[PDB]
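Notes for the one structure printed next.
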Amino acid sequence: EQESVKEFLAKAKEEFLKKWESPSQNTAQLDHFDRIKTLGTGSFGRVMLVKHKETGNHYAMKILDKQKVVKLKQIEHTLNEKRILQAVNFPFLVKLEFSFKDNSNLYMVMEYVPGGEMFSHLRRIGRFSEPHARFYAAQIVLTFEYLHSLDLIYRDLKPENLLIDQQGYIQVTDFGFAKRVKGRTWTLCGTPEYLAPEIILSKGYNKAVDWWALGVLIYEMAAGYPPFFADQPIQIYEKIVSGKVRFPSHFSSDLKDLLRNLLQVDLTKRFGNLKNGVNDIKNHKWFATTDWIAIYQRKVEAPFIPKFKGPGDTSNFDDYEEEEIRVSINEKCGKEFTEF
Ligand SMILES: N[C@H]1CO[C@H]2[C@@H]1OC[C@H]2OC(=O)Nc1cccc(F)c1
Ligand SMILES: N[C@H]1CO[C@H]2[C@@H]1OC[C@H]2OC(=O)Nc1cccc(F)c1
């Protein structure tokens, strides 16, 4: 590997560990913001577009109910998420600007990304051409090189978690399942269509599960649908562990070869997890036209720019029932969330 890549990753790890060992806490409060619109929801939390009252800047505020986090066994995962987000720094990761808690909730306030989900644009167009898919995939390869060098596993890659910014580049969001791992880890988590065989089989697993999920993502971007699907998760799991996959005839031979090596059921033979690491991917024939430095420096003109009117436009997100953000007059679950 070139010495400039080695020195870049060594400095990146030094800066991450300084923030990891001394996390920021309590850097705003709720009545510093005005609420604008709910951007979507979940079982234990929501994301809302908000405006900061002094500066006028827009942000995306993720709100988690402390009692529901405890009930759904997500305490350690919520603490991982905020500790990792406040310590990372890379061109294709969403930025955490503030965090705080109150009697009822935890809050993570991130920069707002007005182009919306990659998934929305994929379904509007049908499928991405191979040059368009390759522009997005190169950004994910560089982001995993960075996260894996910090001993982090991401564990939720899918098109709904990749937002498109005002220059047409990716911002990765949702670190709810991310974790710092030396060696192996064991938690069953993720989305069914994207799970590697070793997660389904309850084995001890490692960063190779993120390279499997990159194979699922590139297939989905280039075909318009993922490689393994069915009405019941147990049927999806049976197709994943089987060791077979069918490719559309319009795929190039170079694309098929790359996908057979990422969607490799034996984790000890999978690209990204061999002696040469990420360079088996960067040097594959499917990426021969990619300028890795130009992508990192954001100097390549993007294939597509989202249509929106300004920094507070919500037209690329969809519509949800608007509910209260209620805060109890008594403190809930204070012990469990002391470090947040
Ligand atoms: N389809 C699901 C999943 O994404 C949607 C919808 O529910 C929640 C929504 O999440 C967001 O808008 N998050 C978000 C995070 C950071 C910045 C930003 F601008 C938006
Ligand atoms: N969406 C996030 C990330 O890019 C924006 C925004 O936070 C502020 C900016 O920080 C960066 O450009 N970070 C960065 C730049 C060069 C090298 C590197 F390793 C990280």
Side-chain angles (χ1 to χ4, degrees), residues 4-5 7-19 24 33 35-51 57-64 81-82 84-99 107-122 124 139 142-150 152 156-165 168-178 191 193-194 292-299 306 308 310-323:
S4 52
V5 176
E7 292 302 317
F8 173 93
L9 294 175
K11 181 159 283 189
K13 197 164 194 204
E14 288 154 1
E15 301 187 352
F16 167 84
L17 286 173
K18 183 174 185 286
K19 295 185 166 83
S24 57
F33 303 87
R35 144 201 200 151
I36 299 173
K37 198 170 191 299
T38 298
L39 299 180
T41 60
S43 52
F44 50 104
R46 298 167 273 187
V47 181
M48 291 197 76
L49 176 68
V50 300
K51 183 168 185 180
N57 288 331
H58 289 89
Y59 299 97
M61 172 188 283
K62 185 175 182 163
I63 306 164
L64 305 176
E81 179 175 12
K82 178 256 172 168
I84 294 167
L85 278 172
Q86 61 85 43
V88 289
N89 174 31
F90 196 71
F92 313 119
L93 302 179
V94 78
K95 184 178 194 291
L96 180 72
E97 305 271 14
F98 309 97
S99 71
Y107 306 84
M108 284 170 284
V109 181
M110 288 159 290
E111 58 192 5
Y112 175 57
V113 188
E117 295 172 26
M118 179 196 290
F119 186 63
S120 294
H121 303 290
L122 178 63
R124 273 217 200 68
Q139 292 171 59
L142 291 167
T143 298
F144 285 174
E145 180 176 31
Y146 169 83
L147 291 172
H148 295 169
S149 82
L150 305 180
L152 300 166
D156 212 9
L157 187 73
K158 57 183 173 177
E160 298 84 342
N161 284 350
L162 306 180
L163 312 179
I164 309 295
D165 74 17
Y169 280 70
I170 291 178
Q171 301 283 285
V172 182
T173 180
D174 209 337
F175 274 65
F177 296 144
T191 307
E193 291 79 358
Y194 306 86
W292 294 95
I293 294 162
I295 295 287
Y296 169 78
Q297 299 179 341
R298 296 172 62 106
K299 291 179 173 168
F308 65 105
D313 189 354
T314 59
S315 74
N316 286 287
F317 294 86
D318 300 307
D319 295 340
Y320 309 86
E321 179 179 352
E322 299 291 342
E323 299 182 275

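Counting convention: from 1, in listed order, for ligands and their atoms alike. Hydrogens, waters and symmetry mates play no part in the numbers below; they use all other heavy atoms, side chains included. The first residue of the sequence shown is numbered 1, and numbering continues consecutively from there.
Each of the following atoms of ligand 1 lies closer than 4.0 Å to a heavy atom of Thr173: 15 (C), 16 (C). Each of the following atoms of ligand 1 lies closer than 4.0 Å to a heavy atom of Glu111: 17 (C). Every atom of ligand 1 with a heavy atom of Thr41 under 4.0 Å away is listed here by number and element: 7 (O), 8 (C).
Of the possible donor and acceptor atoms, one in the side chain of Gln171 sits under 3.5 Å from a partner among the backbone N and O of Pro91. Judged by distance alone, with hydrogens and angles left aside, the side-chain atoms of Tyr146 form a donor-acceptor pair with the main-chain N or O of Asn89 at under 3.5 Å. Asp156 places no side-chain N or O within 3.5 Å of a backbone atom of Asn161 that could act as its donor or acceptor partner. Not one N or O on the side chain of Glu117 forms a donor-acceptor pair closer than 3.5 Å with the backbone of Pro159. One N or O on the side chain of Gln86 and one on the backbone of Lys19 form a donor-acceptor pair closer than 3.5 Å. Using a distance-only test at 3.5 Å, with no hydrogens or angles considered, a donor-acceptor pair links the side chain of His121 to the main chain of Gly115.
Comparing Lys95, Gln171, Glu15 against atom 1 (N) of ligand 2, the shortest heavy-atom distance belongs to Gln171. Nearest-heavy-atom check against atom 13 (N) of ligand 2 across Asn89, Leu142, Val113 picks out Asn89. The residue from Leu163, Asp165, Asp174 that puts a heavy atom closest to atom 20 (C) of ligand 1 is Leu163.
Of the protein's heavy atoms, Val47 CG1, 3.9 Å lies nearest to atom 14 (C) of ligand 1. Of all protein heavy atoms, the one lying nearest to atom 5 (C) of ligand 1 is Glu117 OE2, 3.5 Å. Protein heavy atom in closest approach to atom 15 (C) of ligand 2: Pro91 CG, 4.1 Å. The shortest contact between atom 7 (O) of ligand 1 and any protein heavy atom is with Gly40 CA, 3.1 Å. When only non-hydrogen protein atoms are considered, atom 16 (C) of ligand 2 lies nearest to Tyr296 OH, 3.4 Å. Protein heavy atom closest to atom 12 (O) of ligand 1, with residue, atom name and distance, is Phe317 CE2, 3.3 Å. Atom 9 (C) of ligand 1 has as its closest protein heavy atom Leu39 O, 3.5 Å.
Counting heavy atoms closer than 4.0 Å to ligand 2, residue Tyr169 contributes nothing at all. Within the 4.0 Å heavy-atom criterion, the part of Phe8 lying near ligand 2 is the side chain and not the backbone.
Within the 4.0 Å cut-off (strictly below), a protein heavy atom is located near atom 3 (C) of ligand 2.
Using a cut-off of 4.0 Å between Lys/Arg side-chain N and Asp/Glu carboxylate O, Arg46 and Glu323 are scored as not salt-bridged.
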>> As a quick check of understanding, evaluate ring pair (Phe, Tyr, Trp, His ring centres under 6.0 Å) for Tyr112 and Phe317, giving each step before the final call.
In response: CA-CA 12 Å; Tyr112 175 57; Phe317 294 86; 5.7 Å; yes
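Neither side chain, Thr314 nor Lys37, offers a donor N or O lying under 3.5 Å from an acceptor on the other.
Inclusion of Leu93 in the set of residues having an N or O under 3.5 Å from an N or O of ligand 2 is warranted.
Aromatic ring orientation, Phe8 versus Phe90: perpendicular (interplanar angle above 60°, classes split at 30° and 60°).
Residue-ligand proximity: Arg46 is placed with every non-hydrogen atom at 4.0 Å or more from ligand 1.
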